[PDB]
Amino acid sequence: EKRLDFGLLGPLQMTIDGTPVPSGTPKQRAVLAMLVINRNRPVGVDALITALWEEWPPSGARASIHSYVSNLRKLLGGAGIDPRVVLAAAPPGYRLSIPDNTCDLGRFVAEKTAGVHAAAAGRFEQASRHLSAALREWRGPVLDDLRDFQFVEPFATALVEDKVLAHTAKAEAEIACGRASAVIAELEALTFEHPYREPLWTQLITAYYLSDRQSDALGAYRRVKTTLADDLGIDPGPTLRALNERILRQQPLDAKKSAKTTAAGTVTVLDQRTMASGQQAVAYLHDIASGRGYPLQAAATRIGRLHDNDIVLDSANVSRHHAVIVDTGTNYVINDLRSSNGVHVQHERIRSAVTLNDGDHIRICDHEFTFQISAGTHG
């Protein structure tokens, strides 16, 4: 009867006919957030308890969950639907059944994807329009009002991978359309906010160079070089180094080819996430030593030594809560939870979080896995 909408890209929002509806106390809001994050999938009661109270649930935690569900159903009933259908009780747990496009993140995902296919086809004006639409879905810090809940941290961090990618693809499209000069200012702002993001620097350096500002381009490379050296102790990657070498030689750039090539790569990623049926493929962690396969079943897959983890690794050197893999709807990103021994992807220690690629080697202490995005063909 009335429009139901939800928001994760900023403070948690539930809106009915465009009017925000306050969704309860922080614990109740965390229930809603968990359900929206896992929209159209069941969330177990045990998972809800861990998210709300991590280490110290009260003795009546389950009664509280039942109350939160009842409360949330009353709120949902204001949209004139059957709350028991929309927020249904699984014997597994609870499931919020909502269309993807009724969630701000769902719209972000859809627009980004449309922008990818457009750029891959050389339709850069349209790609830029879709990317503008995606970025408009962001209101503020992810689940800003629930920042004191631990589950928010890896999820919010993962979604920055996606936002940065969208900013970069937007810059590429604009540059491909001949508007390099008009994106310099935003890129300057973005490289300050995200100083270690080489793809953003790549686009800024490109934009200077194609705006007849060669010396500024070279100066920007020197700046990121110093930043990466001093702050992180690393050299710039091959993409930055190759760009620098072209500019030093006053060689031409092909911004249209670049934007097409990036998009084509992303289409490959989109393909491996999708089955012939159109449903998302289930990503797996395969243990190399044992052959045991661990499906990623929720938005967040928690890994550690403690029994409450989704993937439990018994070794003494593994942290109680060691890592989390987050499915953003666009990428899988692994997060190191300030573990004693760290997380190693493709045989190097990760700094905070990295986006996972299909077939990546993942090491947690002595445990070694293959991360597979593409659907399995044997079992």
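From 1 onward, residues are counted along the sequence shown.
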| property | result |
| --- | --- |
| Of 174 to 182 and 275 to 283, the one with larger mean CA B-factor | 275 to 283 |
| Average Cα temperature factor in the PDB entry - higher stretch of 57 to 65, 348 to 356 | 348 to 356 |
| Identity of residue with top Cα B-factor, from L313, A51, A323, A33 | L313 |
| Maximum C-alpha temperature factor, selected from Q203, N71, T191, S132 | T191 |
| Ranked C-alpha temperature factor of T157 among modelled chain residues, by third | middle |
| Record-listed C-alpha B factor of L228: chain third | lowest |
| CA B-factor placement of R107, once the chain's modelled residues are sorted into thirds | lowest |
| Position of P42 among the chain's modelled residues by C-alpha B-factor, lowest, middle or highest third | middle |
| Modelled-residue ranking by C-alpha temperature factor, third containing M14 | highest |
